[PDB]
2 protein chains.
Amino acid sequence: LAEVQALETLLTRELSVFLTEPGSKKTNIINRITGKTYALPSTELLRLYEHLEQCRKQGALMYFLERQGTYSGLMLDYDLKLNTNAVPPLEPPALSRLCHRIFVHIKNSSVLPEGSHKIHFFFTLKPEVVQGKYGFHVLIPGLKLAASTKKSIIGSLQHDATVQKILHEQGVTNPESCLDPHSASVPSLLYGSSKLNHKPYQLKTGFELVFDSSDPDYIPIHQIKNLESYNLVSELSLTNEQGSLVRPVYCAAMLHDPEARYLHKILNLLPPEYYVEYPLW
Amino acid sequence: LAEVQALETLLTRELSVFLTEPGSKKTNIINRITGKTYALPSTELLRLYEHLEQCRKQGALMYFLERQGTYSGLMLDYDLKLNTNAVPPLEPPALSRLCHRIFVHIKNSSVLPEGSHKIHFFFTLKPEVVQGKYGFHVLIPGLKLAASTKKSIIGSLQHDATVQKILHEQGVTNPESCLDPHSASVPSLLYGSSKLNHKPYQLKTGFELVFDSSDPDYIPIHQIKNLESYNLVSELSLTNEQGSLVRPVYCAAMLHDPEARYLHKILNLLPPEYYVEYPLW
């Protein structure tokens with residue numbers, strides 16, 4: 001495929017010069033398919049996002065992660081157990097109310113800057129329910145938060161009675177324990193990417209929330225209408241600062257490497273029945 | 001015109017039996033063109049609304065008023081003085097915020113019933129600015145309020161700093177004194193009707209507000225999308241209780257006929273300074 005070939009050329013010929021060592025904090029981008037780690041400057045991050053976006057629109061297999069580090073956008077990872085194997089409705093009013101409640105906790109952290117600011121919420125959903133297991137990500141990529149503040153906001157969100165109600169009325173049986181408390185620290189999948197055993201989450205709905213410190217009781221939340229007009233890998237990225245839709249608002253602060261060849265014996269080192277080993281160890 | 005002929009037949013042959021005397025309290029409907037007053041039961045009100053709606057869709061001259069009486073929907077009459085003769089933008093975010101502020105005053109009146117309820121807001125706008133004079137009606141027809149509560153809500157709304165800001169940013173030079181304090185008591189034009197010297201206000205945008213006593217901080221406001229699907233004379237009526245979109249929520253308790261011919265005489269009669277006449281009376 002042309003756009004995959006283009007991404008391959010960008011990675012090997014050009015971005016190879018930004019390859020980081022294993023466990024290097026400088027790392028912002030992880031390609032879990034090639035097992036490569038990169039520290040991309042903003043210019044080269046954007047070029048990557050243009051290629052990943054073209055690959056996304058053609059349904060290409062991607063497994064890119066961004067590292068959140070100490071100061072970046074907020075991601076909420078919900079792992080739902082459902083009543084049934086039916087995708088829950090999750091219509092705009094429920095998602096709109098979720099945004100409001102998420103914002104109340106952000107505001108209560110006291111780190112928002114004074115003045116008038118737009119922040120965008122994006123809901124990406126697991127494409128199907130598998131054995132009653134369902135998922136969504138809430139991405140607030142533009143709202144640049146300290147890791148410690150994200151952890152605090154996530155702690156508060158787990159105990160939110162209104163959020164638990166919304167999730168319950170959607171058919172969620174684990175509304176108390178569905179929000180991953182490590183949402184603040186885990187590397188976050190780029191839009192169009194997934195674990196190799198899963199399919200990528202799909203953008204259902206995005207919302208624009210405006211807050212004004214002078215008028216704190218007015219918190220307008222509206223659906224974003226022309227989402228398709230933007231580079232979604234770009235806009236949804238927690239570490240991006242050069243989005244068009246998403247403009248930053250700054251808040252107060254495995255080594256065996258088989259390389260697709262040697263792992264085959266791994267596939268037959270599991271179904272030995274060799275638990276008990278008197279001579280067989 | 002057929003639909004005007006139909007309305008004429010309904011009024012003279014059928015509804016004539018509901019004609020009220022001048023100053024009757026039973027009156028709910030006033031036809032200021034025919035100078036007739038009626039007390040229509042709900043069945044005959046609906047039949048009227050079907051005919052008025054057909055007449056409205058064909059741009060027919062109507063001057064129907066409904067009397068608010070002591071318990072009915074809320075109407076806000078804004079008379080704006082503007083910076084310019086340009087229609088102010090009044091886009092959904094400004095109107096959405098207006099609804100929220102209007103609701104805060106309704107809630108503060110303490111008369112809302114407990115539980116979950118939808119209430120609809122409709123904004124009808126003066127079709128053009130004339131010498132910087134502009135207008136809109138806010139109709140909350142489903143929210144059945146005591147006259148005394150409406151007066152109280154209107155009093156509070158006049159002094160609302162956020163509403164004054166919104167109106168100021170629209171180019172309103174009288175944001176302190178543009179809301180008619182008699183909005184609670186005046187007879188209210190049916191949708192498609194107007195004073196004989198004015199053109200009828202046009203429905204620009206309607207909003208659905210859901211309130212829940214159990215979850216008071218969640219106040220979702222969304223544009224209504226399929227407005228054209230409904231009988232708008234019917235839905236927008238403050239005294240109607242049998243709308244399809246608008247379901248009631250119960251809160252705690254001369255003749256001119258110029259035919260475009262003598263308007264010329266009015267236009268040439270006023271300019272002389274002969275209002276007093278000692279030799280030419």
Does region A:252-267 contain at least one residue that is in contact with a strand residue (DSSP E or B) (Cβ under 8 Å, 6 or more places away or on another chain) and closer than 18 Å to A:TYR49 by Cβ?
-> no
If you check every pair at least six apart or on different chains, which have Cβ atoms under 6 Å apart with a residue in region B:178-198 that is farther than 15 Å from B:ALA60 by Cβ first and a residue that is in a loop (DSSP other than H, G, I, E, B) and among the hydrophobic types (A, V, I, L, M, F, W, C) second?
-> B:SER188/B:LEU238
Test for A:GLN158: is it touching a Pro at 6+ places or on another chain (Cβ under 6 Å) and closer than 22 Å to B:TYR218 by Cα = no
Among the residues of region A:208-236 satisfying the criterion of being aromatic (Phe, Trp, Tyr) and more than 9 Å from chain B (Cβ to nearest Cβ), which is surrounded by the fewest Cβ atoms within 10 Å (Cβ to Cβ)?
-> A:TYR230
Within region A:190-207, restricting to residues that are crowded, with 17+ Cβ neighbours inside 10 Å and of a type in the set (A, V, I, L, M), the one that is farthest from the other protein chains (Cβ to nearest Cβ) is A:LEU190
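Take the residues of region A:190-230 that are of a type in the set (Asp, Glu) and assigned to a loop (DSSP other than H, G, I, E, B): which is nearest to A:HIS117 (Cα to Cα)? If you could, list the steps in order and put the result at the bottom.
Here is the first cut: in region A:190-230, the ones of a type in the set (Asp, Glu) are A:208, A:212, A:215, A:217, A:228.
With the extra rule that they be assigned to a loop (DSSP other than H, G, I, E, B), the set shrinks to A:215, A:217.
Numbers: A:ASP215: 12, A:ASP217: 14 Å.
Here the residue is A:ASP215.
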So how many residues does region B:56-95 have that are of a type in the set (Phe, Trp, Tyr) and touching an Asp or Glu at 6+ places or on another chain (Cβ under 8 Å)?
-> 1
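Where residues in region A:55-87 are closer than 14 Å to A:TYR201 by Cβ and surrounded by fewer than 17 Cβ atoms within 10 Å (Cβ to Cβ), which of them is nearest to the other protein chains (Cβ to nearest Cβ)? Walk me through how you get there before you give the answer.
The initial filter retains those residues of region A:55-87 that are closer than 14 Å to A:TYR201 by Cβ, namely A:56, A:59, A:62-65, A:75-80, A:87.
Pick out the ones that are also surrounded by fewer than 17 Cβ atoms within 10 Å (Cβ to Cβ) and you get A:59, A:79, A:87.
On the way: A:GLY59: 31, A:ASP79: 24, A:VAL87: 22 Å.
Looking at the filtered set, the residue picked out is A:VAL87.
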Would you be able to tell me the number of residues in region B:29-53 that are assigned to a helix (DSSP H, G or I), crowded, with 21+ Cβ neighbours inside 10 Å and among the hydroxyl-bearing types (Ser, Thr, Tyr)?
-> 1
Considering only region A:88-189, give the helices (runs of 4 or more DSSP H) lying wholly within it that have at least 3 residues that are more than 14 Å from every other protein chain (Cβ to nearest Cβ) and surrounded by fewer than 21 Cβ atoms within 10 Å (Cβ to Cβ).
-> A:147-158
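When we count neighbours, we look across all protein chains shown, and the Cβ atoms used for this are built from the backbone with ideal geometry, even at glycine. We did not get these values from a lab; they are worked out from the coordinates using the rules stated.
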